[PDB]
Each structure stands twice: as C-alpha cells, then as structure tokens.
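Results of the structural survey
What follows is the residue order along each chain.
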Protein chains: 2
Amino acid sequence: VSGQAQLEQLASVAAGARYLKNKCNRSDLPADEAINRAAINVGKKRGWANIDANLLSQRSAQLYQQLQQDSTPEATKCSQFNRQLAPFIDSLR
Amino acid sequence: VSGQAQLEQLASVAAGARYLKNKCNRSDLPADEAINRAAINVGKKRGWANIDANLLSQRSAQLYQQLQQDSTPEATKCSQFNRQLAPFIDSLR
C-alpha cells in the first residue's frame, strides 16, 4: 500500500466522518481533532509509517469540500457514508 | 428493575434504532427483526427474565408511533437518537 494510498484512505474516512458529524446528525461522533487522531490510530494499528497529522488534516479538508460540493442529494450521501464508515466508527469508539 | 421497566427500556431502544434506520439514514443498522433480537440480547446480558419477543415488538411499535407523531423537527430527533443509542448500537454490532 503506497504512502499516497495510505494518506488517501485515512483522509477519506476522516472527511466522511466529519461530514456525517456535521451534515448527517451524527452527534455521537467526536470533534474534528479526535476524528483526525482516530484515523491516525487506524494507520498505526495497520503498522503504517507515521502519517503526519497536519498533512492528513489538509488532505481531509480537500476531500470534505469534494463531499460537500457533490450534487448527490444529501439523504443519499448520508445513507452511503453511514454504511461505509460503520467499521471506522467502531474503531474510533 | 421491574418487568414493566425492563420491557419499556428494551422497547425504547428498539423503537429508537428502527427510527434511526428508517428516518435518519442509518442504513448501517440491520432489519427490524434483528434490532428486536439485539434488544432481547441486551436484556439477556443483564440477566433479565426472558422477555417475550412479540410483546417487545408490540410495545416497540407503540413507541415508534410516538417518535413519529412527535412534532419536534426531524434533525433534532435524529441528532438526539444518534447520541442516545450509540451504546446500544455498539452492542448490536
């Protein structure tokens, strides 16, 4: 798994969890900084090279903008992300 | 904890999880029958007397109607229930 793919995967889950928290009424999720830490922890558990938290934050903010600007209806977004992120959310808890 | 309170607590979590699944885009939750089984399992873990699944189903349907007919805005409902049910959802998974 390349460093590029590692960053992309962790940034994707962080961005999606932030979107759920902010836009899909997932008030059980923790604050953005804690979501970032949880994504770093997923990487650490896999034995991945140390991922810089600020690089993760920058990439995750770009992916969050992508999820926001996409014109898919919000209910469809929220349904998809709640399903796709269920494993990540179990880890962060 | 009285039998009445046991039934009410389990029916409440079952009803709320069904509401999340149906009305709050929680497509990661399982089907109604599995939600009912998961609520029975919460009771079993606590050592509670065997709760009849059909009585649980009947009471949970009444509580679900209550959650539906309440005039609180849906975003507020979904936010509250996602927070309150997070422990139950961790058990069912």
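Procedures and definitions
- Residues numbered from 1 in each chain as written, not as in the entry; some residues may be left out.
- Chains lettered and ligands numbered in written order.
- Heavy atoms only, no water.
- Residues with missing side-chain atoms left out of burial classes, pairs and counts.
- Salt bridge = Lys/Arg side-chain N within 4 Å of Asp/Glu carboxyl O.
- Helix = DSSP H or I, 4+ residues; strand = E, 2+ residues; numbered from the N terminus.
- Buried < 20%, exposed > 50% of the residue type's maximum accessible area, 1.4 Å probe, protein only.
- Expected span 1.5 Å × (residues − 1).
- Arc of directions from axis to C-beta.
- Contact = heavy atoms within 4.5 Å.
- Polar contact = N/O pair within 3.5 Å; in protein donor to acceptor, adjacent residues only side chain to side chain.
- Buried area = accessible area lost by both parts, 1.4 Å probe.
- Nonpolar A, V, L, I, M, F, W, Y, C, P; charged D, E, K, R; others polar.
- Least-squares fit on C-alpha atoms.
- Axes fitted to C-alpha atoms, helices over the stretch in contact; angles between N-to-C directions.
- Parallel < 35°, antiparallel > 145°, perpendicular 65-115°, else oblique.
- Left-handed = near helix turned anticlockwise from the far one by under 90°.

Per the PDB record, this model was obtained through X-ray crystallography at a reported resolution of 1.24 Å.

**Points about the pattern of salt bridges**
Residues and elements named next belong to chain B. Applying the stated criterion across every chain, the model contains twelve salt bridges over all chains. Here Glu 33 and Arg 37 are joined by a salt bridge, their closest N and O atoms 2.8 Å apart. Within this pair, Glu 33 and its partner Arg 37 are both found in helix α2 (residues 32-46), separated by four residues, close to a single helical turn. For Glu 33, a relative accessible area of 48% translates into the label partly exposed. For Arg 37, a relative accessible area of 46% gives the class partly exposed.

**Focus on helix α3 (residues 53-69) of chain A**
All names here are of chain A. With 17 residues, α3 extends 24 Å from end C-alpha to end C-alpha; this agrees with the ideal 24 Å at 1.5 Å per step. Within α3, burial applies to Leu 56, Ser 60, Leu 63 and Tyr 64. Along the axis of α3, the buried residues cluster in a sector spanning 110 degrees; they form a single face. What points out from α3, more than 90 degrees from its buried face, is the exposed set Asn 54, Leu 55, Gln 58 and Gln 69. If you follow the buried residues of α3, they end up packed against α1 (3-23) and α2 (32-46). Between the side-chain oxygen of the N-cap and the backbone nitrogen of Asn 54 there are 2.9 Å, and the N-cap of α3 in question is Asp 52.

**Observations concerning the interface of chain A and chain B**
Accessible area lost during the coming together of the parts is what is often quoted as the interface size. Counting residues at the interface gives 14 residues for chain A, matched by 14 residues for chain B. Contact between chain A and chain B buries roughly 1,200 Å² in total, counting both sides, with carbon and sulfur atoms accounting for 41%. For chain A, the biggest contributors to the area lost against chain B are A:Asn25, A:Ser27 and A:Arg93; these three give 38% of the whole. A:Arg93 is the salt-bridge partner of B:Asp90, the closest N and O atoms lying 2.5 Å from each other. At the boundary of chain A and chain B, one finds six residue pairs in polar contact. Of all the elements in the fold, those that place two or more residues in the side of chain A that touches chain B are α4 (74-84) and α5 (86-92) of chain A. Examining the composition of the side of chain A that touches chain B, we find that five residues originate from one element, α4(A), more than from any other. Of the residues that constitute the side of chain A that touches chain B, the class distribution is five nonpolar, four polar and five charged.

**Some words on the relation of the copies chain A and chain B**
One chain copy maps onto the other through a rotation about an axis and a shift parallel to that axis. Rotating chain A by 180 degrees and moving it 0.0 Å along the rotation axis overlays it on chain B with an RMSD of 0.0 Å. The operation mapping one copy onto its partner corresponds to a two-fold rotation axis. Of every C-alpha in chain A, the one belonging to A:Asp90 sits nearest the axis of rotation, 3.6 Å from it. Taken together, the interface assignments show that 100% of the residues at the interface of chain A recur at the interface of chain B, consistent with an identical surface on both copies.

**A closer look at the packing of helix α1 (residues 3-23) of chain B against helix α4 (residues 74-84) of chain B**
All names here are of chain B. Contact geometry for α1 and α4: axes closest at 10 Å, N-to-C directions at 130 degrees. In terms of orientation, α1 and α4 fall into the oblique class. Note that α1 runs across α4; the crossing there is left-handed. Each of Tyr 19, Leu 20 and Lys 23 in α1 lies in contact with α4, whose residues at this interface are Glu 74, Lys 77, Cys 78, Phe 81 and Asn 82. The class makeup of the residues in the contact of α1 with α4 is four nonpolar, one polar and three charged.

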